[PDB]
Amino acid sequence: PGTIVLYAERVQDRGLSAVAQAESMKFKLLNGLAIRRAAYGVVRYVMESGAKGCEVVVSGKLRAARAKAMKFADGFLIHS
Amino acid sequence: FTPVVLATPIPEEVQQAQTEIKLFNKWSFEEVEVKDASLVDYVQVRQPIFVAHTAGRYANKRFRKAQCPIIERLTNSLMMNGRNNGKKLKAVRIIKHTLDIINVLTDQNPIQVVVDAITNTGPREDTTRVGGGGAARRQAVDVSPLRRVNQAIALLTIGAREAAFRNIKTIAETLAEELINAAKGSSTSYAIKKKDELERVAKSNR
Amino acid sequence: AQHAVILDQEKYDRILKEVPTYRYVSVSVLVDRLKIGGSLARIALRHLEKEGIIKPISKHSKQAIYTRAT
Amino acid sequence: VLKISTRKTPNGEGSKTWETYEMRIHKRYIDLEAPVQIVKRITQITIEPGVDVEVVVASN
Amino acid sequence: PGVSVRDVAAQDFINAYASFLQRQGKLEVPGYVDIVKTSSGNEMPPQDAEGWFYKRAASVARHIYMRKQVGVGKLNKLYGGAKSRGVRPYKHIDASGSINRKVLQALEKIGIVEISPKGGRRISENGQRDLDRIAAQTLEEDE
Amino acid sequence: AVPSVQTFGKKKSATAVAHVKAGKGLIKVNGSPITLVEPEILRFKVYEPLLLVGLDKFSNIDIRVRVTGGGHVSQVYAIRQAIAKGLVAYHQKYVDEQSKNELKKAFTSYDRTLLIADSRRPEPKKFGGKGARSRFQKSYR
Amino acid sequence: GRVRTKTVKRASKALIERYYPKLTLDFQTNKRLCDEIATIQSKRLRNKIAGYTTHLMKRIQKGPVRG
Amino acid sequence: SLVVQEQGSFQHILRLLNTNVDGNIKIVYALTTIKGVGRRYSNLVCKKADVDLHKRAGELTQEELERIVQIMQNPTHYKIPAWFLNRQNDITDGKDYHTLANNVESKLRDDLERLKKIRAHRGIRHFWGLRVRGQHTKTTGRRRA
Amino acid sequence: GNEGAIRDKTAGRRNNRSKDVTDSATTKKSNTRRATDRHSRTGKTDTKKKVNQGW
Amino acid sequence: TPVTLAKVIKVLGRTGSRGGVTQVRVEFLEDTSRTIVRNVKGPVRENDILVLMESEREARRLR
RNA sequence: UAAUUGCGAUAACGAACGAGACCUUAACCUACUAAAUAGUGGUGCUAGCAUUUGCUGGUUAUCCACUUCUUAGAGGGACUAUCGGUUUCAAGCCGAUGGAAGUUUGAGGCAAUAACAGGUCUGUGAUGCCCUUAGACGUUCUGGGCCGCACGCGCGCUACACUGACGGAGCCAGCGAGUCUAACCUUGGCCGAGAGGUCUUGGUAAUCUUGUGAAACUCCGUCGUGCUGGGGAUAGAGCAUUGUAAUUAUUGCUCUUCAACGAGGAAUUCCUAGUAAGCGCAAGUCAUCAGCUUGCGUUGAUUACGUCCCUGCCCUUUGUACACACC
Ligand SMILES: [Mg+2]
Ligand SMILES: [Mg+2]
Ligand SMILES: [Mg+2]
Ligand SMILES: [Mg+2]
Ligand SMILES: [Mg+2]
Ligand SMILES: [Mg+2]
Ligand SMILES: [Mg+2]
Ligand SMILES: [Mg+2]
Ligand SMILES: [Mg+2]
Ligand SMILES: [Mg+2]
Ligand SMILES: [Mg+2]
Ligand SMILES: [Mg+2]
Ligand SMILES: [Mg+2]
Ligand SMILES: [Mg+2]
Ligand SMILES: [Mg+2]
Ligand SMILES: [Mg+2]
Ligand SMILES: [Mg+2]
Ligand SMILES: [Mg+2]
Ligand SMILES: [Mg+2]
Ligand SMILES: [Mg+2]
Ligand SMILES: [Mg+2]
Ligand SMILES: [Mg+2]
Ligand SMILES: [Mg+2]
Ligand SMILES: [Mg+2]
Ligand SMILES: [Mg+2]
Ligand SMILES: [Mg+2]
Ligand SMILES: [Mg+2]
Ligand SMILES: [Mg+2]
Ligand SMILES: [Mg+2]
Ligand SMILES: [Mg+2]
Ligand SMILES: [Mg+2]
Ligand SMILES: [Mg+2]
Ligand SMILES: [Mg+2]
């Protein structure tokens, strides 16, 4: 007891936070949104938080039996 | 030769031949000449060497292989057939012995004899499997000097090894037998045979 | 089995009167002269050097080498 | 250097590709002759996340 | 001039010392010699038959002269080589600790080596003495 | 303190250090004369520098060398390199330049790397073969 | 195969364009120049650049070069 | 060693332990063509017999051969260790034998029979002409019987 | 039991050795199905409305 | 027997389906001022010396 | 060009993802900052041999100084540099010299867009739906089984010996890893033919195991071409180790038994320099078991430095009634 201590700490803009933006999609879809609305919104907001670029992939299955994926990018990224 | 010595001392013949002439295990590099025009440039001899071992970078360029001292090329080609791959100390010693042996028979710088069996075994012309349509004839070709040296060494050591296999005669002895029979070409050597035949067919198909 | 494992007195004398002209003598040469296998032929190598003919010009296991006396 | 060398696949199919991770461990020591005051001062501070600082004593 | 053994090549030395320890007659030869192998990693026993314990004695001694201290383990590891596990790959294997340990105890009783602190067996000063001596002797045959 | 340099030699992973000081002419390796050495066939390889440059040369100097690493041939090349490098390092601080450069000349000329270290080294094996380039074996079906 | 990527050749172009006096068929100094005079992030890439701009100079000296 | 001589002395081929033994082989190995005398056994027996192993089967006195046999079939008496022996701890009288020659065949018979007679898996396995030391039998030995 | 197993002829090696070997021993892979891999069996199909609602 | 020596003066290129053959113009030695084109079998450079086994006859293509 | 890498041609100009850059590791720093957990020289304490100085050791501190070697921070270094050939005198390519280094410096890490009904629901307390749910398809306990053997296929290990086996003797690596609320890495001493046993011991580690004295290899012997002393399958008897348990034999040792295999048809794999091949080691797995893997160093070649003949693949042009796209 007392040899361990927790503090919270707001994060300087969730906008450049992969983890935050993923959790945000999770919530958008889970909260019964649209697909492109959710994604394009996350993206437009990440961009708006002044990012160099960003990309959101949704893979799996929506409403139709067969699985599909979708890339939603804007701005600029490097890959290698 | 003027001897000299210091603390830990250096043996007689050692001092002697060392500082004077720059010769082999202990054989002359001076004299020793390539009795076939061409082949010179592709048989080394001078710069002279003590033993045929060298951390040689003779591969990284197309032709520099040529520049490697001949005797060491021979010993190199000794150290194959799987079991023996690597094992240059083995090979080198086999050569020292071989040269002693060859020397015993008929004198000559034995390195000169080697030089001769090498000159005397490269095929002046050969053949390749040209198409010409399914039933492939054979177009006579005149073969490079480099290929001639290469193939000479290959042949000599192969025949020497194949001979030596499964009998009491030891590698150096049969290598010296092939070398000798070949140096002044005598159709009792596997090498000379194979050259003569390559050129027989190469004539036969021009 | 096919022979050369003993000494048959005639063989000994044979060894003494046959070993000149042998510019090369070794384990192998002695066998090749239709006699002594590499056991007792090694002994022959040690014992022609007892005194005479063979002049030691090389050294070791596997390879030995000698020349006619002078 | 701690290597861990694993198949990439979670199963078995595919050409057998191998992959290898490392954690690099860097260690250092500085020996210092001082009194209690300066050691305690200097070592309560200089604190740093990720750096494991250990202070011993003695000559045995 | 002055002398050590380091001034004398392995073989002719160790054979010089073999022939010596032999001659001498003082030694200790366990008795299981001749009926024994030298390592589980071996096929046949030694060919020197009468002797070879002198050969290893010499070898061991010179090995210990040429360094601080050495134990039975290090010698087993040294004197050991490849064992054919027949049809399954070769692996190095240690040699017998009896042969060695007994050899040490022998040379020690003969005062040519001594239980060292630190661990193991250090060459004796009288070992230094006698070894440098026959070393010298071996260069003296060569004169 | 007498005049003295240190040098080294390197083939594969073997490394051979030379201490080359003013002496009455010893040439020892680890702790034995340079006459022992064995490898043996290769023995001349280590004599090689001395004879290339005249046996005298070592009379104002004591030479000692110690090799660790590599293996048998590996160590021979390292020690010889260390010795020739040594001799030259010594003529560079104590004798005059022209002498040193005459020695670099006779080594560098004939050579076997004596002054310069061979850069060849192990290449790492990569999964899918017992070697670096060697790939395993396939049957198709 | 030793052929220089765009970024390298592009940079030689621009540099020679705007700093031809200073620069001089010597890599060694053109190098140092590049340090003092432009901002690169790897030694390697900077060298590559200098060496090529050095080449380009070295051949401008004997008649013009397109681009 | 030495250039030797002798006369009619040595007779090629000689017969011990109900078998035959070639002359002109290095004796230690001659003894081997008998059943139950691996190279080691032979070596130690010869050393115990006080014989010059440098000899062929060739030479050797009759006497010498006699001693050789005596020791071969009474190892424990002429101080041979017993861990050196192919049949220690019988399984009935519990003595230690080094079973030799035409008798090792019998002893194999005996043991295999004991296993079969007692119905033990090893026995059944033998009777079936299969491998008994537990090796996989899918792939190996198909040339077989 | 074990008495059974040794006493049972129609057992052991000789007996097998003397029997012919079946041909399905020396068979081949089988394969069964592959040029149907792209051809869906479900017989179901999706539909542009459901897909457009989803995606 | 009549040997004929020729010096490689120009390397033309590789022929043969496999492509291990090399076409070369050679100036023979015992009397220059005359050139012939032969086909090699080994690796070849400018100034090597071929032993034309037969002195007059020359090729071109190779499949 | 390794590269949509560039030059050049040019209704295009100028750019971005990817390649490149970047990062890691291997190479070079008598320049920098240092070190009893790395080492060198001097000095003391001291052994041996010569004796005329000398030569070779002992001594985790008896002190002094150093940083060449070792360690790892910071820098520096290379840019295919200089010169010359060749090329549309372009990007480039080649040779020579210099150089630690000039094959993308060697080797890796990262790696766009798109595709596949590739494999994985048996890695997951990731998961839809179906099934099952107390005579369980939950779970645990005892015992067996995945190892079963006429035989087809793949990866492998060991061999056919004399560039060798055996036996003395010489004797040299690099990458690793190790015990707290525990029994891990183990030196040394004894006992034991061996395997192993036993008493102590150092180490939570650049400190101890450990210079991991590894194996191929080197040297002096034995054997002598004989299925031989090559080879060591199969099998018998005995001894020990892990484990609650060893039978269908975990593994280790000793004696004995001594097979096929005399270089392997049609076919077919892999490979360009410290590479190939030979050789061992450490790590993973692990109570015990490596003939496997992943890395590591040791010994260290022959042959190309080319092409499109075989095969495979990308690219143009071309045809299409295909577009769920030749399944
Ligand atoms: Mg990029
Ligand atoms: Mg060893
Ligand atoms: Mg050994
Ligand atoms: Mg490797
Ligand atoms: Mg037997
Ligand atoms: Mg590419
Ligand atoms: Mg004095
Ligand atoms: Mg004095
Ligand atoms: Mg430093
Ligand atoms: Mg150069
Ligand atoms: Mg790099
Ligand atoms: Mg899964
Ligand atoms: Mg489920
Ligand atoms: Mg799992
Ligand atoms: Mg998960
Ligand atoms: Mg279930
Ligand atoms: Mg299974
Ligand atoms: Mg299969
Ligand atoms: Mg596989
Ligand atoms: Mg050996
Ligand atoms: Mg006991
Ligand atoms: Mg403790
Ligand atoms: Mg180490
Ligand atoms: Mg046979
Ligand atoms: Mg054997
Ligand atoms: Mg069991
Ligand atoms: Mg079973
Ligand atoms: Mg046999
Ligand atoms: Mg073969
Ligand atoms: Mg198991
Ligand atoms: Mg393991
Ligand atoms: Mg496995
Ligand atoms: Mg049409």
# chains A, B, ... in the order shown; residues from 1 in each chain; ligands from 1
>>> residues_around(residues="segment 98-109 of chain E", least_positions_apart="5", cutoff="6 Å", atoms="only C-alpha atoms (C1' of nucleotides)", output="PDB file with N, CA, C and O atoms, in the first residue's frame")
ATOM      1  N   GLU E  28      54.186 -44.925 -10.750  1.00  0.00           N
ATOM      2  CA  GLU E  28      52.821 -45.361 -10.412  1.00  0.00           C
ATOM      3  C   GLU E  28      51.928 -45.496 -11.640  1.00  0.00           C
ATOM      4  O   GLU E  28      51.616 -44.507 -12.292  1.00  0.00           O
ATOM      5  N   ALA E  57      51.553 -38.786 -19.018  1.00  0.00           N
ATOM      6  CA  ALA E  57      52.199 -38.145 -17.884  1.00  0.00           C
ATOM      7  C   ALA E  57      53.002 -36.949 -18.375  1.00  0.00           C
ATOM      8  O   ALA E  57      52.832 -35.825 -17.890  1.00  0.00           O
ATOM      9  N   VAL E  72      41.153 -31.807 -13.213  1.00  0.00           N
ATOM     10  CA  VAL E  72      40.849 -33.051 -13.907  1.00  0.00           C
ATOM     11  C   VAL E  72      39.868 -32.807 -15.047  1.00  0.00           C
ATOM     12  O   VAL E  72      39.996 -33.364 -16.144  1.00  0.00           O
ATOM     13  N   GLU E 114      51.884 -29.933  -8.059  1.00  0.00           N
ATOM     14  CA  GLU E 114      51.376 -29.826  -6.697  1.00  0.00           C
ATOM     15  C   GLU E 114      50.004 -29.194  -6.639  1.00  0.00           C
ATOM     16  O   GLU E 114      49.690 -28.320  -7.435  1.00  0.00           O
TER      17      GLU E 114
END
>>> residues_near_ligand(ligand="ligand 31", cutoff="9 Å", atoms="only C-alpha atoms (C1' of nucleotides) and all ligand atoms", output="PyMOL selection string")
chain K and resi 282-286+290
>>> write_last_selection(atoms="N, CA, C and O atoms (P, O5', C5', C4', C3', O3' and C1' of nucleotides)", output="PDB file, in the first residue's frame")
ATOM      1  P     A K 282      27.381 -25.942 -26.172  1.00  0.00           P
ATOM      2  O5'   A K 282      26.499 -24.653 -25.937  1.00  0.00           O
ATOM      3  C5'   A K 282      27.092 -23.461 -25.493  1.00  0.00           C
ATOM      4  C4'   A K 282      26.297 -22.279 -25.934  1.00  0.00           C
ATOM      5  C3'   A K 282      24.808 -22.386 -25.710  1.00  0.00           C
ATOM      6  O3'   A K 282      24.450 -22.071 -24.382  1.00  0.00           O
ATOM      7  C1'   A K 282      25.234 -21.594 -27.893  1.00  0.00           C
ATOM      8  P     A K 283      22.991 -22.400 -23.812  1.00  0.00           P
ATOM      9  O5'   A K 283      22.031 -21.665 -24.838  1.00  0.00           O
ATOM     10  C5'   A K 283      21.651 -20.321 -24.623  1.00  0.00           C
ATOM     11  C4'   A K 283      20.688 -19.851 -25.673  1.00  0.00           C
ATOM     12  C3'   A K 283      19.341 -20.557 -25.710  1.00  0.00           C
ATOM     13  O3'   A K 283      18.422 -20.019 -24.786  1.00  0.00           O
ATOM     14  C1'   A K 283      20.229 -20.426 -27.880  1.00  0.00           C
ATOM     15  P     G K 284      17.338 -20.960 -24.091  1.00  0.00           P
ATOM     16  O5'   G K 284      16.301 -21.262 -25.280  1.00  0.00           O
ATOM     17  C5'   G K 284      15.626 -20.201 -25.952  1.00  0.00           C
ATOM     18  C4'   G K 284      14.696 -20.712 -27.033  1.00  0.00           C
ATOM     19  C3'   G K 284      13.735 -21.805 -26.615  1.00  0.00           C
ATOM     20  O3'   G K 284      12.548 -21.279 -26.100  1.00  0.00           O
ATOM     21  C1'   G K 284      14.764 -22.353 -28.702  1.00  0.00           C
ATOM     22  P     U K 285      11.973 -21.851 -24.748  1.00  0.00           P
ATOM     23  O5'   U K 285      11.658 -23.365 -25.106  1.00  0.00           O
ATOM     24  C5'   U K 285      10.523 -23.723 -25.877  1.00  0.00           C
ATOM     25  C4'   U K 285      10.595 -25.162 -26.330  1.00  0.00           C
ATOM     26  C3'   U K 285      10.622 -26.216 -25.233  1.00  0.00           C
ATOM     27  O3'   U K 285       9.324 -26.560 -24.793  1.00  0.00           O
ATOM     28  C1'   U K 285      12.075 -26.772 -27.069  1.00  0.00           C
ATOM     29  P     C K 286       8.920 -26.438 -23.255  1.00  0.00           P
ATOM     30  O5'   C K 286       9.983 -27.376 -22.541  1.00  0.00           O
ATOM     31  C5'   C K 286      10.141 -28.734 -22.918  1.00  0.00           C
ATOM     32  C4'   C K 286      11.314 -29.350 -22.208  1.00  0.00           C
ATOM     33  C3'   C K 286      11.604 -28.805 -20.819  1.00  0.00           C
ATOM     34  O3'   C K 286      10.765 -29.355 -19.829  1.00  0.00           O
ATOM     35  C1'   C K 286      13.615 -28.942 -22.037  1.00  0.00           C
ATOM     36  P     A K 290      19.855 -35.553 -26.193  1.00  0.00           P
ATOM     37  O5'   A K 290      19.904 -35.332 -27.753  1.00  0.00           O
ATOM     38  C5'   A K 290      18.845 -34.704 -28.428  1.00  0.00           C
ATOM     39  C4'   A K 290      19.182 -34.478 -29.861  1.00  0.00           C
ATOM     40  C3'   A K 290      20.106 -33.289 -30.140  1.00  0.00           C
ATOM     41  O3'   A K 290      20.844 -33.494 -31.370  1.00  0.00           O
ATOM     42  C1'   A K 290      18.167 -33.012 -31.303  1.00  0.00           C
TER      43        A K 290
END
>>> residues_near_ligand(ligand="ligand 16", cutoff="9 Å", atoms="only C-alpha atoms (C1' of nucleotides) and all ligand atoms", output="ChimeraX atom specification")
/K:132,136-138
>>> residues_around(residues="segment 39-47 of chain C", least_positions_apart="5", cutoff="10 Å", atoms="only C-alpha atoms (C1' of nucleotides)", output="PyMOL selection string")
(chain C and resi 4-7+12+15-16+25-31+52+54+56+64-66) or (chain H and resi 1-4+26) or (chain K and resi 222-224)
>>> atom_distance(atom1="atom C1' of residue 311 of chain K", atom2="atom CA of residue 137 of chain F")
17.5 Å
>>> residues_around(residues="segment 33-35 of chain B", least_positions_apart="3", cutoff="10 Å", atoms="only C-alpha atoms (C1' of nucleotides)", output="ChimeraX atom specification")
/B:29-30,38-45,111-113,115-116,118-120
>>> select_by_dssp(residues="chain H", states="alpha helix (DSSP H)", output="number ranges by chain")
H: 39-49, 62-72, 102-117, 121-127
>>> residues_near_ligand(ligand="ligand 3", cutoff="6 Å", atoms="only C-alpha atoms (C1' of nucleotides) and all ligand atoms", output="number ranges by chain")
E: 79-81
>>> atom_distance(atom1="atom CA of residue 1 of chain B", atom2="atom CA of residue 100 of chain B")
25.0 Å
>>> closest_atom_pairs(of="chain K", to="ligand 13", cutoff="12 Å", atoms="only C-alpha atoms (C1' of nucleotides) and all ligand atoms", output="tab-separated table")
residue	atom	partner	partner_atom_place_in_ligand_line	distance
K:121	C1'	ligand 13	1 (Mg)	5.7
K:122	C1'	ligand 13	1 (Mg)	10.7
K:126	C1'	ligand 13	1 (Mg)	10.9
K:127	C1'	ligand 13	1 (Mg)	8.4
K:128	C1'	ligand 13	1 (Mg)	9.8
K:129	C1'	ligand 13	1 (Mg)	10.0
K:130	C1'	ligand 13	1 (Mg)	10.0
K:131	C1'	ligand 13	1 (Mg)	10.1
K:132	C1'	ligand 13	1 (Mg)	11.7
>>> residues_near_ligand(ligand="ligand 24", cutoff="9 Å", atoms="only C-alpha atoms (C1' of nucleotides) and all ligand atoms", output="PDB file with N, CA, C and O atoms (P, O5', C5', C4', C3', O3' and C1' of nucleotides), in the first residue's frame")
ATOM      1  P     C K 160      33.836 -43.882 -45.030  1.00  0.00           P
ATOM      2  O5'   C K 160      34.012 -44.894 -46.249  1.00  0.00           O
ATOM      3  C5'   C K 160      34.126 -46.293 -46.029  1.00  0.00           C
ATOM      4  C4'   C K 160      33.316 -47.102 -47.035  1.00  0.00           C
ATOM      5  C3'   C K 160      33.797 -47.073 -48.477  1.00  0.00           C
ATOM      6  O3'   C K 160      34.855 -47.986 -48.705  1.00  0.00           O
ATOM      7  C1'   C K 160      31.435 -46.781 -48.393  1.00  0.00           C
ATOM      8  P     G K 226      42.672 -55.419 -52.524  1.00  0.00           P
ATOM      9  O5'   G K 226      41.961 -56.606 -51.728  1.00  0.00           O
ATOM     10  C5'   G K 226      40.882 -56.360 -50.834  1.00  0.00           C
ATOM     11  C4'   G K 226      40.963 -57.242 -49.606  1.00  0.00           C
ATOM     12  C3'   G K 226      39.789 -57.160 -48.640  1.00  0.00           C
ATOM     13  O3'   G K 226      38.722 -58.004 -49.022  1.00  0.00           O
ATOM     14  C1'   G K 226      41.874 -57.198 -47.469  1.00  0.00           C
ATOM     15  P     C K 227      37.341 -57.378 -49.513  1.00  0.00           P
ATOM     16  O5'   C K 227      36.836 -56.567 -48.230  1.00  0.00           O
ATOM     17  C5'   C K 227      36.560 -57.233 -46.999  1.00  0.00           C
ATOM     18  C4'   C K 227      35.692 -56.396 -46.069  1.00  0.00           C
ATOM     19  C3'   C K 227      34.728 -57.181 -45.167  1.00  0.00           C
ATOM     20  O3'   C K 227      35.226 -57.385 -43.859  1.00  0.00           O
ATOM     21  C1'   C K 227      33.507 -55.634 -46.505  1.00  0.00           C
ATOM     22  P     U K 228      36.484 -58.336 -43.565  1.00  0.00           P
ATOM     23  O5'   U K 228      37.560 -57.298 -43.030  1.00  0.00           O
ATOM     24  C5'   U K 228      38.913 -57.665 -42.861  1.00  0.00           C
ATOM     25  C4'   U K 228      39.787 -56.450 -42.745  1.00  0.00           C
ATOM     26  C3'   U K 228      39.311 -55.375 -41.787  1.00  0.00           C
ATOM     27  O3'   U K 228      39.587 -55.682 -40.434  1.00  0.00           O
ATOM     28  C1'   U K 228      40.126 -54.400 -43.796  1.00  0.00           C
ATOM     29  P     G K 230      37.589 -49.773 -38.255  1.00  0.00           P
ATOM     30  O5'   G K 230      37.360 -48.853 -39.532  1.00  0.00           O
ATOM     31  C5'   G K 230      38.193 -48.960 -40.672  1.00  0.00           C
ATOM     32  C4'   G K 230      37.666 -48.124 -41.804  1.00  0.00           C
ATOM     33  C3'   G K 230      36.253 -47.575 -41.620  1.00  0.00           C
ATOM     34  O3'   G K 230      36.237 -46.307 -40.982  1.00  0.00           O
ATOM     35  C1'   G K 230      36.407 -48.709 -43.683  1.00  0.00           C
ATOM     36  P     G K 262      27.342 -50.184 -52.936  1.00  0.00           P
ATOM     37  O5'   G K 262      28.852 -50.514 -52.557  1.00  0.00           O
ATOM     38  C5'   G K 262      29.724 -49.489 -52.105  1.00  0.00           C
ATOM     39  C4'   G K 262      31.064 -49.498 -52.811  1.00  0.00           C
ATOM     40  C3'   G K 262      31.051 -49.744 -54.328  1.00  0.00           C
ATOM     41  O3'   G K 262      31.776 -48.714 -54.992  1.00  0.00           O
ATOM     42  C1'   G K 262      32.702 -51.056 -53.267  1.00  0.00           C
TER      43        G K 262
END
>>> residues_around(residues="segment 25-37 of chain F", least_positions_apart="5", cutoff="8 Å", atoms="only C-alpha atoms (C1' of nucleotides)", output="list in words")
residues 5, 6, 7, 8, 9 and 10 of chain B; 6, 7, 8 and 9 of chain E; 43, 46, 47, 58, 59, 60, 61, 62, 63, 64, 65, 66 and 67 of chain F
>>> residues_near_ligand(ligand="ligand 27", cutoff="8 Å", atoms="only C-alpha atoms (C1' of nucleotides) and all ligand atoms", output="number ranges by chain")
K: 145, 147-148, 248
>>> residues_around(residues="residue 53 of chain I", least_positions_apart="2", cutoff="12 Å", atoms="only C-alpha atoms (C1' of nucleotides)", output="list in words")
residues 33, 34, 35, 36, 61, 62, 63 and 64 of chain A; 46, 47, 48, 49, 50, 51 and 55 of chain I
>>> residues_near_ligand(ligand="ligand 4", cutoff="12 Å", atoms="only C-alpha atoms (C1' of nucleotides) and all ligand atoms", output="ChimeraX atom specification")
/F:121-126,129-134 /K:174-175,274-281,295-300
>>> residues_around(residues="residue 78 of chain H", least_positions_apart="5", cutoff="10 Å", atoms="only C-alpha atoms (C1' of nucleotides)", output="PyMOL selection string")
chain H and resi 45+48-49+70-73
>>> write_last_selection(atoms="N, CA, C and O atoms", output="mmCIF file, in the first residue's frame")
data_model
loop_
_atom_site.group_PDB
_atom_site.id
_atom_site.type_symbol
_atom_site.label_atom_id
_atom_site.label_comp_id
_atom_site.auth_asym_id
_atom_site.auth_seq_id
_atom_site.Cartn_x
_atom_site.Cartn_y
_atom_site.Cartn_z
ATOM 1 N N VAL H 45 43.004 -60.114 -23.927
ATOM 2 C CA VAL H 45 43.341 -61.518 -23.684
ATOM 3 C C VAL H 45 44.785 -61.750 -24.091
ATOM 4 O O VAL H 45 45.560 -62.373 -23.363
ATOM 5 N N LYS H 48 47.111 -60.273 -21.663
ATOM 6 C CA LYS H 48 47.100 -61.101 -20.455
ATOM 7 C C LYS H 48 47.875 -62.399 -20.639
ATOM 8 O O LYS H 48 48.403 -62.969 -19.679
ATOM 9 N N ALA H 49 47.941 -62.861 -21.878
ATOM 10 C CA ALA H 49 48.535 -64.148 -22.186
ATOM 11 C C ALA H 49 50.045 -64.023 -22.246
ATOM 12 O O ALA H 49 50.774 -65.019 -22.187
ATOM 13 N N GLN H 70 42.960 -70.763 -22.774
ATOM 14 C CA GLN H 70 42.719 -70.880 -21.329
ATOM 15 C C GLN H 70 42.128 -69.611 -20.744
ATOM 16 O O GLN H 70 41.104 -69.653 -20.054
ATOM 17 N N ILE H 71 42.777 -68.483 -21.032
ATOM 18 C CA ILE H 71 42.298 -67.182 -20.567
ATOM 19 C C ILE H 71 40.976 -66.777 -21.230
ATOM 20 O O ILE H 71 40.068 -66.252 -20.575
ATOM 21 N N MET H 72 40.874 -67.034 -22.531
ATOM 22 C CA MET H 72 39.665 -66.704 -23.270
ATOM 23 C C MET H 72 38.444 -67.302 -22.618
ATOM 24 O O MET H 72 37.379 -66.675 -22.591
ATOM 25 N N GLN H 73 38.587 -68.514 -22.086
ATOM 26 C CA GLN H 73 37.423 -69.169 -21.493
ATOM 27 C C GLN H 73 37.481 -69.279 -19.979
ATOM 28 O O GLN H 73 36.680 -69.980 -19.367
#
>>> residues_near_ligand(ligand="ligand 26", cutoff="7 Å", atoms="only C-alpha atoms (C1' of nucleotides) and all ligand atoms", output="PyMOL selection string")
chain K and resi 246-249
>>> residues_near_ligand(ligand="ligand 19", cutoff="9 Å", atoms="only C-alpha atoms (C1' of nucleotides) and all ligand atoms", output="list in words")
residues 15 and 16 of chain D; 128, 136, 137 and 138 of chain F; 154 and 155 of chain K
